[PDB]
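> 3D model of this:
(one chain, ligands or ions: 1)
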Amino acid sequence: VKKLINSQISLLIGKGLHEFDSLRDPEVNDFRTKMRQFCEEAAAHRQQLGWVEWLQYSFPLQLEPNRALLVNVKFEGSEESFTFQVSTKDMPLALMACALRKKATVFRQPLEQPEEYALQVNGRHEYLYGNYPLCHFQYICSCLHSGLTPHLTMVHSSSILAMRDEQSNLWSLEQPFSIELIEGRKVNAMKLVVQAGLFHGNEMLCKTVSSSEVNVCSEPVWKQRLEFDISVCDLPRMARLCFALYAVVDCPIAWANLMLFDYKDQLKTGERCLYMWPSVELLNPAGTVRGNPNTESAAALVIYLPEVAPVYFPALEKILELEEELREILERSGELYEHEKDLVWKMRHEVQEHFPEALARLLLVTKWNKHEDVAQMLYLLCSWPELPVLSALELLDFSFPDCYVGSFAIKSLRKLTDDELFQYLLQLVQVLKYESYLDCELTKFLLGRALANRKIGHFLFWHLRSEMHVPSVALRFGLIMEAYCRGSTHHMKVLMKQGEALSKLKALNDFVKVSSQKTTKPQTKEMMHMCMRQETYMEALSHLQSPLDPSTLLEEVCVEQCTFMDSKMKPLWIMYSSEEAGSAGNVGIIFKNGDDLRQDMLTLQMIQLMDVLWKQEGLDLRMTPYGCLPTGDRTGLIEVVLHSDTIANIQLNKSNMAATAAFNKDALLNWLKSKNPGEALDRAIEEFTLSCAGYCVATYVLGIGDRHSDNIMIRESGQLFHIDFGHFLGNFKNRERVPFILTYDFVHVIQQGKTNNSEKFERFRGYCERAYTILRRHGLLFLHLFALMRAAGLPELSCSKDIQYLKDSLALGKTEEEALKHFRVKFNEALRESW
Ligand SMILES: CN1CCN(c2nc3ccccc3cc2Cn2nc(-c3ccc4nc(N)sc4c3)c3c(N)ncnc32)CC1
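Numbering: from 1, shown residues only. Right below this line is the structure:
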């Protein structure tokens with residue numbers, strides 16, 4: 001039975017656990033046991049929560065960032081149901097009470113308090129409970145805007161408890177620092193050099209040193225000594241040694257990095273063999289500090305770590321043993337001349353006292369290649385007041401490589417609400433890539449939070465699982481997933497069911513790719529349907545939680561509605577229905593295989609954020625942040641938005657449609673008039689107008705380029721949205737400066753199909769201005785989030801030039817005033833550009 005579990009984990013994570021063992025490694029071996037402990041105790045806590053608490057773990061509320069309402073309620077065993085009039089201001093308890101009083105009369109009354117129940121959304125993994133107005137609940141909202149009547153089910157507490165039950169599991173060393181560079185094993189055309197250097201973060205702890213010029217063979221021999229311009233007793237606990245190997249007459253060949261203190265803080269010695277990574281300013285301090293696992297093909301560099309006695313980096317305990325100014329004027333870019341830094345350092349007790357939020361600026365002027373300077377910084381750190389989340393996020397960057405610091409950030413991040421934490425999860429994962437060691441505060445934090453909230457849990461898994469084909473993080477992520485599963489047996493089973501669907505989806509897609517190159521779509525579609533109709537398909541692809549959103553259930557797959565697009569990577573359109581969920585169960589997914597959805601996922605998340613900030617301030621721009629999740633190697637899912645189309649498509653202005661325009665510009669409006677007759681039209685134009693304003697501003701600020709009519713969509717409701725985001729930050733395909741954009745087809749619709757409507761247009765103008773100004777108030781939030789993502793190795797997000805795009809598009813350089821004028825400048829341009 002333990003064997004079975006183990007083998008299912010292996011299948012889930014996509015890498016056998018025997019591959020962990022066979023490395024014979026203390027770091028790994030300790031990670032696995034210590035974490036297993038951690039996670040299982042979390043299982044223990046969970047399996048004894050109160051029923052409500054369980055609900056919060058297992059189906060977290062989905063909330064919003066008056067008038068009368070129709071609701072249909074039913075109880076768990078019967079199909080008999082009741083349809084109340086309720087108030088959107090009513091608490092769920094009120095509704096439950098009504099449902100009880102209705103139960104008690106039909107079924108003549110005993111009768112059992114409302115506080116025993118929770119309302120489940122029919123045919124979804126969603127519930128409604130807690131002291132909230134009914135329309136604070138996302139699902140309730142959905143229905144309101146879209147006409148529909150809420151279908152809920154009274155679930156008694158003991159039913160929930162049955163659920164909970166079924167899911168049970170030294171400064172003494174002054175000499176300079178030297179290594180020996182012996183030899184290697186590898187390929188090129190000339191002469192070979194290695195250069196070395198010591199980094200603490202992006203910072204060099206002294207001048208790098210080079211190798212002497214050796215002939216271009218395959219098994220080079222230096223046997224060199226290499227002494228660095230720092231004392232040994234100075235090295236900071238996080239000192240990072242970096243090499244680059246290249247040829248010369250420059251040809252980069254490979255790189256390699258390691259920590260100088262092992263993970264139990266022992267200064268390392270003596271011999272290391274270094275299995276290097278292929279080669280893409282040659283030095284790469286950010287890159288993984290574990291070696292290439294391709295040990296039969298990686299160039300290897302043997303080095304030697306001299307002995308100097310054993311020596312353990314000091315305990316904190318020891319570390320801790322060791323004018324009327326203008327400093328404010330300097331305290332507001334953040335790059336600064338030398339005297340300026342010396343000031344900060346001198347003033348550092350004042351910064352802790354009267355500018356606690358300047359921690360970061362101080363960490364950067366602090367002298368990490370001087371142990372003394374480090375101990376006082378730390379001294380100060382140990383009594384430093386906690387920081388707001390936004391400063392914490394700043395601290396997570398590569399620039400702050402020290403563990404004590406790392407830990408203080410987590411210490412500030414702990415007050416994250418589950419909803420905020422979810423908003424940043426993508427970033428906190430990509431950051432694991434910077435970790436020096438396996439066992440770390442962050443991982444523990446992520447594991448702890450995942451284990452306490454099944455949705456964090458769900459998405460952590462997929463973020464991790466989607467990078468398994470990436471050698472440099474295969475080991476770390478595989479280990480984290482493993483831990484996670486030890487903490488959740490039942491979830492592991494739910495997630496396997498998802499991997500299986502994915503798997504078949506991959507098989508089905510490959511067959512589609514083949515069949516299509518030997519026949520007509522119609523023919524291929526009928527084949528697709530047949531292969532789907534096989535039991536093993538029918539069964540694998542049905543009854544699962546959607547990896548795009550676990551609260552959506554994909555019940556029965558409607559084969560007659562499935563298809564593929566005949567072009568490119570042949571994506572799959574797979575549709576579901578569910579008797580239980582009624583209309584709400586009619587959902588679809590799109591399976592893409594051959595593209596990289598990572599950058600789309602990032603963009604749509606910045607758009608989701610943008611919406612939340614706008615909403616937090618009372619502006620709902622009617623955005624469509626649809627689900628998009630990479631799940632494997634150039635593989636992932638995209639949520640289907642029903643009742644929508646592409647602009648381009650509506651503009652094929654095909655005869656014998658409702659939309660038959662005499663002039664092409666009418667096409668778009670014709671279509672809305674057909675989807676929104678008589679009185680309904682006014683609504684749709686308004687929707688169109690708000691969504692258009694959001695996407696105008698989000699695409700501008702993000703530098704989303706390559707925008708055709710075939711990657712912009714409208715919903716029958718009026719809402720316009722952008723899809724397919726493959727180039728951003730001006731990086732259209734090299735790097736331009738996309739203007740604000742404004743299609744004339746849209747200005748037509750905003751103005752209700754009239755040539756002048758300054759009235760309607762100048763509203764629109766305001767929307768834009770507003771959406772724009774709010775974003776700016778959270779400029780840093782974007783800056784810090786985009787900074788953390790430089791870790792993903794997204795090729796359109798590599799460097800300084802990339803994030804620059806944002807500072808500018810947001811003009812965080814200018815003031816509340818001059819930003820807005822400057823904005824209007826590029827708005828009227830875009831305007832007069834509309835022919
Ligand atoms: C026929 N109508 C409705 C179905 N339709 C589509 N059928 C497809 C069949 C197989 C594969 C993809 C299809 C895409 C569409 C149009 N379309 N494209 C998308 C879409 C959305 C996002 C997205 N991101 C990428 N990187 S590619 C991509 C494609 C889409 C969506 N999310 N929801 C609903 N319809 C969508 C075109 C217009």
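
> mind checking the SS state of the residue with the largest distance to the centre of the chain?
For the chain, the residue at maximal distance from the C-alpha centroid (Cα atoms, centre = their mean) is residue 108, at 52.6 Å. Reducing the assignment to helix, strand or coil with DSSP: H, G, I helix; E, B strand; the rest coil, the entry for residue 108 is coil.

> burial measure for residue 180, as a count.
16 (other Cβ atoms under 10 Å). C-beta coordinates here come from the backbone N, C-alpha and C atoms, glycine included.

> Name the helix or strand for it, please.
strand 176-184 (DSSP states H and E).

> So what's the gap between that strand and the chain middle?
Relative to its chain's centre, strand 176-184 lies at 40 Å (Cα atoms, centre = their mean, to the nearest Å).

> Direction included, what does it pair up with?
strand 221-231 (antiparallel), strand 300-305 (antiparallel) (DSSP bridges).

> Enumerate the positions of the next helix or strand after the last one that are buried.
Meaning strand 300-305. Following the chain from strand 300-305 toward its C-terminal end, the next helix or strand by DSSP H and E is helix 316-321. Taking 16 or more other Cβ atoms under 10 Å as the neighbour-count basis, helix 316-321 is seen to contain the buried residues residue 319.

> Quick check: buried residues in the helix or strand that comes right after helix 316-321?
Once helix 316-321 ends, the next helix or strand along the chain (criterion: DSSP H and E) is helix 338-346. By neighbour count, with 16+ other Cβ under 10 Å as the criterion, the buried positions of helix 338-346 are 341, 343-345.

> which strands and helices sit next to helix 338-346?
Where contact means 3 or more Cβ pairs under 8 Å, 6 or more residues apart in numbering; DSSP states H and E, helix 338-346 is packed against helix 359-365.

> So what's the gap between whatever helix or strand comes next after the helix it packs on and the chain middle?
On the C-terminal side of helix 359-365, the closest following helix or strand by DSSP H and E is helix 371-381. Distance of helix 371-381 from its chain centroid, counting by Cα atoms, centre = their mean, is 34 Å.

> So is the helix ranked longest in the chain next to the ligand?
Ranked by residue count under DSSP state H, the longest helix found in the chain is helix 489-515. No: Helix 489-515 stays clear of the ligand (Cβ under 6 Å from any ligand atom), getting no nearer than 10.1 Å.

> Please tell me how far that helix is from the chain's geometric centre.
Taking the mean of its C-alpha atoms, helix 489-515 sits 22 Å from the chain's own mean (Cα atoms, centre = their mean).

> Show me which positions of it end up buried.
491-492, 495-496, 498-502, 504-506, 508-509, 512, 515.

> how about the residue farthest from the centre of the chain, phi and psi?
Dihedral angles phi and psi of residue 108 (degrees, to the nearest 10) take the values phi -50, psi 140.

> residue contacts, the closest residue to residue 702 other than its chain neighbours?
Nearest in space to residue 702, with sequence neighbours left out and distances taken as Cβ to Cβ, 6 or more residues apart in numbering, is residue 728 at 5.1 Å. The contact partners of residue 728, taken as Cβ atoms under 8 Å, 6 or more residues apart in numbering, are 599, 603, 702-705, 796.

> Run through the residues you listed and flag the ones next to the ligand.
The overlap between the contacts of residue 728 and the neighbourhood of the ligand (criterion: Cβ under 6 Å from any ligand atom) is empty.

> Turn these into CSV, including secondary structure.
As requested, the contacts of residue 728 are exported to CSV (three-state DSSP):
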residue, secondary structure
599, helix
603, helix
702, helix
703, coil
704, coil
705, coil
796, coil
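
> Quick check: residues of the chain near the ligand?
563-565, 571, 573, 590, 600, 626, 638, 640-641, 644-646, 649, 723-724.

> Just the element for residue 462, please.
In this structure, residue 462 is located in helix 454-465 according to DSSP H and E.

> and the gap between the closest residue to residue 15 other than its chain neighbours and residue 31?
Closest residue in space to residue 15, ignoring its immediate chain neighbours: residue 478 at 4.8 Å, by Cβ to Cβ, 6+ apart. Using Cβ to Cβ, to the nearest Å, one gets 11 Å for the distance from residue 478 to residue 31.

> One more: residue 218?
36 Å.

> What's the nearest residue in the stretch 101-250 of the chain when you look at the ligand?
Using Cβ to the nearest ligand atom, the point where the stretch 101-250 of the chain gets nearest to the ligand is residue 146, with a distance of 16.5 Å.

> what's the neighbour count on that residue?
For residue 146, the tally of surrounding residues (other Cβ under 10 Å) stands at 10.

> Excluding sequence neighbours, find me the nearest residue to it.
In space, residue 146 is closest to residue 717, 7.3 Å off (Cβ to Cβ, 6+ apart).

> related to what we said a few turns ago, the helix holding residue 462 - contacts with which helices or strands?
Contacting helix 454-465 under the criterion 3+ Cβ pairs under 8 Å, 6+ apart are the following elements: helix 418-432, helix 441-450, helix 471-487, helix 489-515, strand 549-554, strand 628-632.

> Measure how far it is from the centre of its chain, please.
10 Å.

> Then stretch 199-206?
Stretch 199-206 sits 28 Å away from the centroid of its parent chain (Cα atoms, centre = their mean).
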